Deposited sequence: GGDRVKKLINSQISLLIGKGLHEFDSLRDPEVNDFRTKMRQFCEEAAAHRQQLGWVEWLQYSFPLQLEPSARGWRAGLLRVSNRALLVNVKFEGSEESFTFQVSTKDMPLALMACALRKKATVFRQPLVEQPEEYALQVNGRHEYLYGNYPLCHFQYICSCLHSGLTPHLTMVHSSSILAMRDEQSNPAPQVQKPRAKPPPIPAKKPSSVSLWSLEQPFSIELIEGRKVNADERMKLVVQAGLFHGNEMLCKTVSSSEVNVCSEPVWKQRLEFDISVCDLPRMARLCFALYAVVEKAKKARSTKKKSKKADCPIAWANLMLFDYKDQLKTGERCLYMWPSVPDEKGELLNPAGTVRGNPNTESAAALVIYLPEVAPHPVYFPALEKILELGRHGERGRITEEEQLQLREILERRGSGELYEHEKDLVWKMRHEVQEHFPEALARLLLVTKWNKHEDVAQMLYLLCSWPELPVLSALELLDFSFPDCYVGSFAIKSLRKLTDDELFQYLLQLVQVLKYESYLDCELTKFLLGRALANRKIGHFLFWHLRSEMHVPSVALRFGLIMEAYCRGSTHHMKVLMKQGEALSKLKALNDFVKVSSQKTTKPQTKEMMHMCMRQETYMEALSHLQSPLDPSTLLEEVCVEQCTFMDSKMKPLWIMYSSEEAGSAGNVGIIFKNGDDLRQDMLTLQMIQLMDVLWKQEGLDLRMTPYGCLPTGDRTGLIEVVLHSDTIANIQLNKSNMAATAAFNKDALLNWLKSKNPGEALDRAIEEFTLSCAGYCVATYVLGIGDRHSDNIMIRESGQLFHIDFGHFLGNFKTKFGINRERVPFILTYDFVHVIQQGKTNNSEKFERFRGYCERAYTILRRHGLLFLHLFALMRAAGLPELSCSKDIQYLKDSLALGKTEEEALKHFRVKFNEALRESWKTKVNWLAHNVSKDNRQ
């Protein structure tokens, strides 16, 4: 009671919407979602509280493994026991398993504490000091990301031996507290009136209406007559459609567009013809319209919540029968679709089908052949399900029944095929259920990689309670890291009225499943609330006084009790493994740019050097495109690493958390090309030629024999970013948005422009970078051509996974990013990856592009 009221207020606070608002809608679909999902999430919570201590480690601290390890050398490791000042430094092998290291730590403990220990190594897990990261399982140490990272940076792994009893105490502490097909008449509606309409009174108003199954039209669009512009237009007219009521598919949507004619688009609104309980809709419907920026089928099927200002279309859905009409059950659908005729075809016409299912638009006659050979598609080309689904006449209830009968016995498709099936071009609910069914085999790592896309797919859903929401919720309550990012992806969009309800409802259900995590995320939102007020203070102060003055003001404001409490001891929203412990006020600052982004520095005694981390708070900028570009770069990095290619990439964290609000992970010991090239006097890098500056800077960071490895890190990362920016169409590249790490690694930042948004972005080769690759020499084709090789190999690996990028970017069209709104944006990727070409023709083309970029580079070498 007292705890329930408290939990409810904390959820309202966290999700940024009062739960009372859900109740005030007096909406049965909303109410059934809350009840079913609360039950489902509490069941997951109860399952979790009883997990074994290693299972609970898999839940809270899922393994962070190297991409090549998924599906020799000597190493120095520092190991301590929980709450011990003492530590042991010992030499292991990168090929040893954590258990050997633990047995080793236990023998050292037994000799030092003069007692033959009861404790077996099986009773322990290894924590990475001052991080929510553990090393466990039957994997050699080189396979864990943390060890791998330690090996490259030369640093020593610092591990803490944590006992099962301590892990169990964590689990305990974090518990939740105690018949349609007979109706042959054409589909029709009555267009009654419009309310709160705004337009030029010299013009006339028209309502355009159309029936859609996803993107595809179910019949021709039908328009209203030209009624005079006014606030309350009255039509009171029948809009009759060319399609029988019996042929309306389950996921049929009626789409409206109100506009003004002399074309002036005013508003749009959509609705599903069947409700969430599968009942065909009857009665009056007031549709609170969305303003138009003509028909929008991909647009939400729920009304505009701003009922005070919204234009509203009033329509009537006629009572087609004296009793309620429901969409037929699956058993009734399979019955009708059972009855068919199998395609008896010629060896030559069988060859024509193999040619098109292995080939992408088709001519009308090719569709007639794919349809006729639907049984052969199921049995010999199951991966061609998507092509067949697109030839199905979704406006014929019998063709839909024949399609559903096959789909219901269709074998589970690979993950790649299932992602294509989540596209809005497959709106059928049975197709969507099938697609999730084939996605169940996703590993938490694969799931995490595509989570951003699965969250966007939620915007295409017609109903609140769906297989994808249940899937996303079940996977998030089974993995704390999936849970963390599902939360933030939904939270960052609560300011969007079209998704606020759906997203707020998912976050509440999630919270019901993990009370403890809700409190952890509240601690994160509290820190972001203070960073917003701090960034506002900085934005005001900076335009009045100088930068060292505003910086000292920011520090004073951070030194306040409420800022010290809220900004300290939190999990990073960028990475729940990263503990943001003590705020280093003196190290904090902000940028001189328009939005004055804040740079917040942290340290942790327990984590040592690894505890020294930074976050960038941005308010005023939109970080969604950055996050998408950075996730795509990370995807490239994983794909190259699986093919044994490590291009030393830096896919740093980027996370929108609110309205034009988000975080960026600071990469320490890095500087921009512009700052290095300023060629300051009295520096360890000052050059005789500005071309030497960046090489002199690497020289000062990597003394003696260390220079060669820095140059190699530069070359690899350069080849990786050359390919990544080319494939992605990253333009507006200048010296202040390219950085370099002291290790030699080059990386790109600020990705506000991609997919050539519209001009085709050519391949880029910079002479200052070509100069580093060549080890300071004018001619060094040995080093330069090793670079061109890294480029060609990285490019040819991406092309092999070109469909993965296409399917993911197609899913992202749902995000509403202005540079990713239509089909032409995906065309850019098809071109850069030359997917209609052989590997020979594409590499030939890549070479022409790389050589073109070198002739462009030599225009600077001339001087």
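Numbering the deposited sequence from 1, one finds several regions with no C-alpha coordinates, namely 1-2, 74-82, 190-210, 295-310, 342-347, 414-416, 815-822, 929-940.
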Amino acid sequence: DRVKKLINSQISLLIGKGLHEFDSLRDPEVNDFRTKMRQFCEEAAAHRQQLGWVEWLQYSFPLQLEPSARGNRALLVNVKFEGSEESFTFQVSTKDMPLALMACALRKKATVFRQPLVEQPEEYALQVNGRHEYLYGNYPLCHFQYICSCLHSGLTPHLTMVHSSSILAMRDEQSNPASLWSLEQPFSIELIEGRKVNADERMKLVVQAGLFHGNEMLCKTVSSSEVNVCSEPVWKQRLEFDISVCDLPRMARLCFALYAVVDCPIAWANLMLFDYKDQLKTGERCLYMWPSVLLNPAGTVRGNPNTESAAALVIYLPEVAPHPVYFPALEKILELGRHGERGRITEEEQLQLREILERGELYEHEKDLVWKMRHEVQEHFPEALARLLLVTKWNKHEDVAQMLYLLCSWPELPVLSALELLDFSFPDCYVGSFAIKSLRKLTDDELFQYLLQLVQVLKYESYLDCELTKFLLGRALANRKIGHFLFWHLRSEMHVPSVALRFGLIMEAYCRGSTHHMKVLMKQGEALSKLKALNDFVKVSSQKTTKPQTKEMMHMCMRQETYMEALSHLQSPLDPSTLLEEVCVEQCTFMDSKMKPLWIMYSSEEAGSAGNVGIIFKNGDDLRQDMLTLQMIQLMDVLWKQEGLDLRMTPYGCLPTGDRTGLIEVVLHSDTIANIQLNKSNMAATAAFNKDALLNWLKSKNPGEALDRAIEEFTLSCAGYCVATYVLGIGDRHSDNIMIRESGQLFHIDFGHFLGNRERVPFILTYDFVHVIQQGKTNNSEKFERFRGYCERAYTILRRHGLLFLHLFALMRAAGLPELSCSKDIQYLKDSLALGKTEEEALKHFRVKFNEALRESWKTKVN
From here on, numbers count along this sequence of modelled residues.
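Heads up, when I say rigid core I mean the largest set of C-alphas that superpose within 1.5 Å between the two forms.
After superposition on the rigid core, the larger root-mean-square Cα deviation in 7 other deposited structures of this protein belongs to 85-93, not to the other of 458-466 and 85-93. Between stretches 726-734 and 151-159, greater average Cα displacement in 7 other deposited structures of this protein relative to the shown form, fitted by the core, falls on 151-159. For residue 117, the record comparison shows coordinates absent in at least a third of the other entries of this protein that model its neighbours. Judged by the one-third criterion across other entries of this protein, residue 71, though modelled here, is missing from at least a third of those that model both its neighbours. In this entry, 541-549 shows the higher mean Cα temperature factor of the pair 162-170 and 541-549. The mean C-alpha temperature factor is higher for 312-320 when 312-320 and 766-774 are set side by side. Sorting 70, 38, 801, 830 by the CA temperature factor given in the entry leaves 70 at the top.
The entry lists C-alpha B-factors for 464, 727, 112, 601, and the highest of these is at 112. Annotation for residue 807: C-alpha temperature factor in the lowest third relative to the rest of the modelled chain, per the entry. Annotation for residue 271: C-alpha temperature factor in the middle third relative to the rest of the modelled chain, per the entry. Looking at the C-alpha B-factors along this chain, the one for residue 680 belongs to the highest third.
In the deposited entry, the Cα temperature factor of residue 792 places it in the lowest third of its chain's modelled residues. Ranked by C-alpha B-factor against the other modelled residues of its chain, residue 525 falls in the lowest third.
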